Amino acid sequence: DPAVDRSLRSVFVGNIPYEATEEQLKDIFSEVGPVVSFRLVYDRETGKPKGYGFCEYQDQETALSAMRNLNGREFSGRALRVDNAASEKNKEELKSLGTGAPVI
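In terms of this note's numbering, the sequence shown opens at residue 1140 and continues consecutively.
Written as structure tokens, this is what we have:
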């Protein structure tokens, strides 16, 4: 079963402190359009959030727009690093988020 388009539909977000939760990230991305879903890396063993995650949109343009709209967008007191989830370097991070679940 294919699923390459999905890759084009996901923007990696980093440099997000504990003050910037999905509630805010999604809100930020919301300003760039409707975000299908947004999941980040959360250490269950440490019950603490890693700091980075990925947001999957419904339209490539929307995700791309969010990337260019954000991409190091000041908000977390530093900048919200946003890079295509289909990045070669982002692939390494996704490799961890590569669980595969029925999520819309």
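C-beta atoms are modelled at their ideal positions from N, C-alpha and C, and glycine is treated no differently.
- Burial check for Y1157: the Cβ neighbour count within 10 Å stays below 16, so the residue is exposed.
- Cβ atoms of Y1191 and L1179 come within 8 Å of each other, at about 7 Å.
- The shortest CA-to-CA distance from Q1199 to any of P1141, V1143, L1147 and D1140 is the one to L1147.
- Here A1202 is buried, its C-beta having at least 16 other C-beta atoms within 10 Å.
- Residue pairing of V1221 in beta bridges, as defined by DSSP: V1152.
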